[PDB]
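**Q** so I pulled this structure from the PDB, and the sequence comes with it:
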There are 12 protein chains.
Amino acid sequence: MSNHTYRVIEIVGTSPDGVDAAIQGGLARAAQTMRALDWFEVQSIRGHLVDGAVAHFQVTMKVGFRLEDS
Amino acid sequence: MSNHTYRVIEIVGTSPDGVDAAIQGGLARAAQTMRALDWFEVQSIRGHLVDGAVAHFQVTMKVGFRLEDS
Amino acid sequence: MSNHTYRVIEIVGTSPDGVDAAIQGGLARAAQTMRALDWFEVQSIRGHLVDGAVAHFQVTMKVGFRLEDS
Amino acid sequence: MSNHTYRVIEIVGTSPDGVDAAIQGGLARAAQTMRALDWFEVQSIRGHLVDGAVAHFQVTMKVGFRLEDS
Amino acid sequence: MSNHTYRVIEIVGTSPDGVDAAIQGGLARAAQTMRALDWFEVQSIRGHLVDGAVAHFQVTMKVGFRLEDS
Amino acid sequence: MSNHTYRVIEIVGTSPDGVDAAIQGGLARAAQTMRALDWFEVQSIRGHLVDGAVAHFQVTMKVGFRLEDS
Amino acid sequence: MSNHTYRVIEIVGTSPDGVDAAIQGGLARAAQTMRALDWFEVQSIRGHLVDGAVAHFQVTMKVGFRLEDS
Amino acid sequence: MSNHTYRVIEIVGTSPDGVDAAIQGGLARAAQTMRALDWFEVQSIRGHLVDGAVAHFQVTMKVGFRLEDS
Amino acid sequence: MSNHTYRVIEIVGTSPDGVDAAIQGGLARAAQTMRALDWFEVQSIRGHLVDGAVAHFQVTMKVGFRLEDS
Amino acid sequence: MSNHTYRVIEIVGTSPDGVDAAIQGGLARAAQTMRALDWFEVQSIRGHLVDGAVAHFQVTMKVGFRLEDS
Amino acid sequence: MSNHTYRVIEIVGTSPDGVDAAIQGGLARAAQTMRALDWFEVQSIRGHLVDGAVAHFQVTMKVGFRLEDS
Amino acid sequence: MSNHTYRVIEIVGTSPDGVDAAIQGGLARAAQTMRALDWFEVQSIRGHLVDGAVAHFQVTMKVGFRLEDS
Ligand SMILES: [Cl-]
Ligand SMILES: [Cl-]
Ligand SMILES: [Cl-]
Ligand SMILES: [Cl-]
Ligand code: NA
Ligand code: NA
Ligand code: NA
């Protein structure tokens, strides 16, 4: 690596099934329309409540991928 | 949302199961008293150990709800 | 101050009229039933949107007041 | 929210008329070509000067919007 | 611990005799009117001056205790 | 900028008329005897109270200016 | 405790099955060779991606234990 | 500067040479696409190792540019 | 407090006695020059060691005072 | 120094008699078995409470020392 | 050290030749008109761009020196 | 990885020739005695000054490596 640049994106996964589901969900959505993802760093784990249960988990994470062509 | 006001307190949720559990359990007691929980936010994930096993996951949280009374 | 023992709570004042407004309402609402609020400290400035205009600013502030000693 | 996958970007709105103004323009300009901006979050309040008067305030804010899922 | 929840409170101890006195003082006031306290985490050590000496030490700390009944 | 060596100092502007006001006075007062202030950066927004109304906002800001080089 | 002194080392747990597993996994290792660990503290949650899906989570935490005998 | 708006993204610059190189290289690709880079800000300096030698310096950066279109 | 302005500088206080001493000593010299010290704030507690004894406690502080001149 | 390299370990000092004692206490231990410690840095000040009073303070710090000979 | 106080100043070095040049440059300017400097701690590494290259590196650092006379 | 577990130690690199050298220097040492280090992470950049010039930089970072075999 001497000329390998990365782009760091921010997404917020959500799911009623917990942190891992949320992380997993958000990530599939990125890789979906984005080029080979490489890593993710969680920024925060939030949430909304209804009856008094976690309506949905919100896991903000930073996602990195490589840029290439030429 | 006209000009409501919110209250943010800090509860520590605990469970042997894991993070999700600890949070869910923590939010359980908080709601059992309070005034429709609107949102929560994880401050940290700690845990107590006995030997080579997690005794209890400790997920400290910030929960916000309504205070827009009169 | 040698017997002075203060208590710091957290609140989130909202307002469609900016930070100043959001701060002002929150604190007003707070005292409107609570004690003699001494000071406040801004934790974060956020907001919810609709189009490209802030429906309401969200200033969460830590507030403190002198407790009772005898 | 279980399919909701948001994207948080960062912007810096400027204004010679204070924080409120700087925040307002930034977000307006943002949506003026972008999607349905959900929320925003203040990262920093800065400013460039000339004499002893703020030429323009600089509010950098993280902004998020719902992505597309199907 | 599977169903052991905690509440995290904020107090500001004060004393002219230093950090430890301040911590000690504030804590006695909490335990005084509060249920069995469990731990405290210092948040900040501030102070006010008179002749040029620490009029009073201010040690903000977070205090945790257990919630129980049934 | 290769000889430009700036000095960053910290100040706290106060005002009963909100953040904007507090920021404005502080900087004005600063230059009213000091050099050519280049930029400023908000450290914290606080305030002292009386009833439930801010007696004066307290914006502490880091300010910088170009030093002298020859 | 009374005069106990503890060491805080820093490990990183990894697992294909989420935070809990990585947390649990990492500790087991520390326990395999270290005297009764007392507590852990999550420092971060990251993960490598060899594709659209998660290759495996990485939970980095600080583990604390005592030391005294003679 | 009337009331322009800026965009801040995050790139990771890499180089075996060192920090300076990694940043310079990172900024190279960022500019090669974007819209006159105004400023950058280092978020962290990381690096990959093979044995007893630095494989690649990794300087993550925040780059800001213009978005004041219409 | 009409619309005063304050100045915040950073001194490092030192003492073999302990934290309290180091701070008290640090504030001593600061005041011996400056302009009625209003408040202080501890930034960190460090210390130098020779062998198995604390050589000197180092408490870095932020001291604020008046600058509301004309 | 010139080409020295240091290790930073992390210990936790505890004492029934305040911060100083815990700080002092903890170090002594590190010194008891580690080659001339050079510096320490307070990371936190916490404490357990078995009642209204402080059972004992807990001061967690990072201790640094060198390593070179051959 | 029982009565050794320090002052902590803030400067922003600049240079087109990288972080080290910038650090080096800013420091010479301080020591130039200031009394024996003792240490510096980097606060941030920023920069401005022209053609798309680092017009100049900006390294904000905190500089410490001793105060003495009598 | 799959079930790997890593240790993060913390070293400090020093050099008369800037950040790179100190970074490079420090690591070499860790490598001299530690099994194939995998990654490093800059925690700070400081330096001692025995005069107007830099005596030598001090780069403190966290180095990570694995551990597993049996
Ligand atoms: Cl907090
Ligand atoms: Cl960020
Ligand atoms: Cl600071
Ligand atoms: Cl750390
Ligand atoms: Na989980
Ligand atoms: Na460099
Ligand atoms: Na003390």
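**A** Looks like it came in fine. Numbers count the residues shown, from 1 in each chain, chains lettered A, B, ... in the order given. Ligands and ions are numbered 1, 2, ... in the order given.

**Q** hey, let's count contacts and neighbours off CA atoms from now on
**A** Noted.

**Q** all strands for chain A, in order.
**A** With DSSP state E as the criterion, chain A has strands at A:6-15, A:37-49, A:54-66.

**Q** and those: which comes nearest chain I?
**A** Closest approach to chain I among these (Cα to the nearest Cα): strand A:37-49, 25.3 Å.

**Q** quick one: strands adjacent to that closest one?
**A** strand A:54-66 (antiparallel), strand B:37-49 (antiparallel), strand G:39-48 (antiparallel) (DSSP bridges).

**Q** now the angle from that strand to strand A:6-15?
**A** Inter-element angle recorded for strand A:37-49 and strand A:6-15: 30 degrees (by axes from the mean of the first three to the mean of the last three Cα atoms, to 10 degrees).

**Q** so strand A:37-49, near ligand 5 or not?
**A** No - judged by Cα under 5 Å from the ion, strand A:37-49 makes no contact with ligand 5; its nearest approach is 10.7 Å.

**Q** how distant is that strand from the center of its chain?
**A** 6 Å (Cα atoms, centre = their mean, to the nearest Å).

**Q** OK, contacts around the residue in chain A that chain H sits nearest to?
**A** Sorted by distance to chain H under Cα to the nearest Cα, the residues of chain A start with residue A:2, at 4.1 Å. Shown in contact with residue A:2 (Cα atoms under 8 Å, 6 or more residues apart in numbering or on different chains): H:14-16, H:22, H:25, H:56.

**Q** highest neighbour count among these?
**A** Per-residue neighbour counts (other Cα atoms under 10 Å in any protein chain shown) across the contacts of residue A:2 peak at residue H:14, which has 31 neighbours.

**Q** that one contacts residue A:66, doesn't it?
**A** No - Residue H:14 lies out of contact with residue A:66 (Cα atoms under 8 Å); the separation is 11.5 Å.

**Q** mutual contacts of those two, please.
**A** A:4-5.

**Q** tell me, how many residues neighbour residue A:3?
**A** With other Cα under 10 Å as criterion, residue A:3 counts 17.

**Q** oh sorry, the question was meant for residue A:70
**A** Residue A:70 has 2 nearby residues by other Cα under 10 Å.

**Q** check contacts around it.
**A** Residue A:70 makes no contacts at all, as judged by Cα under 8 Å, 6+ apart.

**Q** follow-up on the earlier one: okay if I get the strands paired with strand A:37-49 as TSV plus distance to residue G:31?
**A** Formatted as TSV, the strands paired with strand A:37-49 follow (distance: least, Cα to Cα, whole Å):
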stretch	distance to residue G:31
strand A:54-66	30
strand B:37-49	10
strand G:39-48	11
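
**Q** out of those strands, nearest to residue F:40?
**A** strand A:54-66 (29.1 Å; Cα to Cα).

**Q** of the contacts of residue A:2, which is the nearest to residue L:31?
**A** Out of the contacts of residue A:2, the member with the shortest distance to residue L:31 (by Cα to Cα) is residue H:56, at 15.8 Å.

**Q** any idea what the closest one is bridged to?
**A** Bridge pairing for residue H:56 - DSSP bridges - gives residue H:48.

**Q** right, and it touches residue H:16 too?
**A** Yes - counting by Cα under 8 Å, residue H:56 touches residue H:16, with 4.5 Å between them.

**Q** what do these two both touch?
**A** A:1-2.

**Q** how near is residue A:62 to ligand 5?
**A** Plainly put, residue A:62 is 18 Å away from ligand 5 if you go by Cα to the ion, to the nearest Å.

**Q** that residue contacts residue A:23, doesn't it?
**A** No - between residue A:62 and residue A:23 there is no contact, the gap being 10.7 Å when judged by Cα under 8 Å.

**Q** in stretch A:50-67, what's buried?
**A** Buried residues in stretch A:50-67, defined by neighbour count with 16 or more other Cα atoms under 10 Å in any protein chain shown: A:52-65.

**Q** please apply the same query to stretch A:26-40.
**A** A:26-31, A:36-40.

**Q** let me know the closest of those to residue B:7.
**A** Checking the buried residues of stretch A:26-40 one by one against residue B:7 (Cα to Cα), the nearest turns out to be residue A:26, at 29.3 Å.

**Q** so what's the closest residue to that closest one other than its chain neighbours up against?
**A** Take residue A:26 and drop its neighbours on the chain: the residue closest to it by Cα to Cα, 6 or more residues apart in numbering or on different chains is residue A:13, 3.8 Å away. Residue A:13 sits next to A:22-27, A:57-61, D:4-6 when contact means Cα under 8 Å, 6+ apart.

**Q** what sits opposite residue A:13 in the beta ladder?
**A** Assessed by DSSP bridges, residue A:13 has beta-bridge partners residue A:59.

**Q** look up how far residue D:34 lies from it.
**A** With distances taken as Cα to Cα, to the nearest Å, residue A:13 is found 21 Å from residue D:34.

**Q** residues in contact with residue A:29?
**A** D:5, D:69.
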